[PDB]
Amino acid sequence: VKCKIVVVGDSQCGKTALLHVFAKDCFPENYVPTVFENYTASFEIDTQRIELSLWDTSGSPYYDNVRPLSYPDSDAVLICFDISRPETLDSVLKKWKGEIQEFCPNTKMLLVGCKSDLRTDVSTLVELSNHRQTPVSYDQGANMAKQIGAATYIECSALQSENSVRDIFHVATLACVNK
């Protein structure tokens, strides 16, 4: 069949890189703010090829009135945050959960931790440490997922592991195949 997946989350948390790596098997060479972009892809499940319609959105508040146009008929929504920026995890509870429940009631939500490669990146550890902070831990991610009612919590690194990215869509597809 066909599955519609929409990806939301704060600006620069890694939404576009995640989608580009999965659909185009290519990591973006530069950063360009996204408004809307649509990608097509297909995933095989138990001797079956499912067609995926993927929607990239803007993490910017300036597009709060535009973003909702992509929600209708969504099978699953991936809420992303940046493991290297704890503040982006707060947005999941403060903004994203409420927006999805408002426009996508009954849709399956998946909490996705992006840029896992930075959790052990020395420069990042040092910068965060100089301000009494640490990268988001797996446990913090998992607890947030339960708090907002997400089907599950999963992490990835579009930069270092293409497989971690494919796993996300593998799970997303399964969560929809059996609604």
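Heads up: residue numbers just count along the shown sequence, starting at 1.
For the pair 138 to 146 and 41 to 49, the mean Cα B-factor is higher in 41 to 49. If you average the C-alpha B-factors over 111 to 119 and over 23 to 31, the higher value belongs to 23 to 31. Compared with the other modelled residues of the chain, the Cα B-factor recorded for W96 ranks in the lowest third.
Per-chain ranking of the deposited C-alpha B factor places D75 in the middle third. Looking at the C-alpha B-factors along this chain, the one for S11 belongs to the lowest third.
Remark: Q160 belongs to the highest third of its chain, ranked by C-alpha B-factor as recorded.
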